[PDB]
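*Asks:*
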Amino acid sequence: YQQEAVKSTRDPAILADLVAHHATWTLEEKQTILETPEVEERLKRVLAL
Amino acid sequence: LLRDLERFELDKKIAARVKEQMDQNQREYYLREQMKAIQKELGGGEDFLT
Numbered sequence: 151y152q153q154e155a156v157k158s159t160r161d162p163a164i165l166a167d168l169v170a171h172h173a174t175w176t177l178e179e180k181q182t183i184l185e186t187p188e189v190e191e192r193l194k195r196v197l198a199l
Numbered sequence: 200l201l202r203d204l205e206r207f208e209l210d211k212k213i214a215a216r217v218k219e220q221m222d223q224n225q226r227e228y229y230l231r232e233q234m235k236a237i238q239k240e241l242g243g244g245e246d247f248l249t
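Chains as they are written, first to last, in the authors' numbering: chain D, 151 to 199; chain A, 200 to 249.
#1: How would you label D:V169, buried or exposed, when you count the other beta carbons within 10 angstroms and need 16 or more for buried?
#2: Between D:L197 and chain A, is there a C-beta pair that is closer than 8 Å?
#3: Of all the CB atoms in chain D, is at least one closer than 8 Å to the CB of A:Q220?
#4: By Cβ distance, which residues of its chain are closer than 8 Å to D:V196, with the 5 residues on each side in sequence left out?
#5: Measure the C-alpha to C-alpha separation of D:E188 and D:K194 and round it to an integer number of angstroms.
#6: Let's test the definition: count the other Cβ atoms within 10 Å of the Cβ of D:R192 and tell me whether it reaches 16, buried, or not, exposed.
#7: Quick check: what's the CA-CA separation for A:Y228 versus A:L204?
#8: How about A:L248 and A:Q238: do their beta carbons lie closer than 8 Å?
Spelled out as structure tokens, the structure:
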């Protein structure tokens, strides 16, 4: 998780994918990760839930 | 160093907002998990909660 943090990953799309893959979600909310092209909307989505 | 103090304050204020953002939802899911846990684990479908 520290290798997938800011200290080794700089791109927020790749870091958002590495944060959002490492839990066991439900399927439709994995689609709401995957659907969003905005950085801030999917980061506020994963920060919310 | 005044720029560094402004940078640390602009980090810490919005970081405290994000700290409030999951500190509300932590207590919300504290209220959410345990009722479904206890009337899932007590008996089950044969526990005739229906």
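A virtual CB, placed ideally from N, CA and C, is assigned to each residue, including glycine.
*Replies:* Let me spell this out:
#1: Residue 169 of chain D sits at position 19 when you count from the first residue of the first sequence. Under this definition D:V169 is a buried residue.
#2: Counted from its first residue, the first sequence places residue 197 of chain D at position 47. With a threshold of 8 Å between beta carbons, D:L197 makes contact with chain A.
#3: Position 21 of the second sequence, counted from the start, is the residue given in the question as residue 220 of chain A. Taking 8 Å as the threshold, the shortest C-beta distance from A:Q220 to chain D falls below it.
#4: By 1-based counting over the first sequence, the position of residue 196 of chain D is 46. Here the set comprises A166, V169, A170 and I183.
#5: Here residue 188 of chain D refers to the residue found at position 38 when the first sequence is read from its first residue. Here residue 194 of chain D refers to the residue found at position 44 when the first sequence is read from its first residue. Going from the Cα of D:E188 to the Cα of D:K194 covers about 10 Å.
#6: Counting from one through the first sequence, the residue named residue 192 of chain D turns up at place 42. Per the 10 Å Cβ criterion, buried.
#7: Here residue 228 of chain A corresponds to residue number 29 of the second sequence, with the count starting at 1. Here residue 204 of chain A corresponds to residue number 5 of the second sequence, with the count starting at 1. A:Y228 and A:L204: Cα-Cα distance of roughly 36 Å.
#8: In the second sequence, the residue the question calls residue 248 of chain A occupies position 49. In the second sequence, the residue the question calls residue 238 of chain A occupies position 39. Yes, they are a contact pair.
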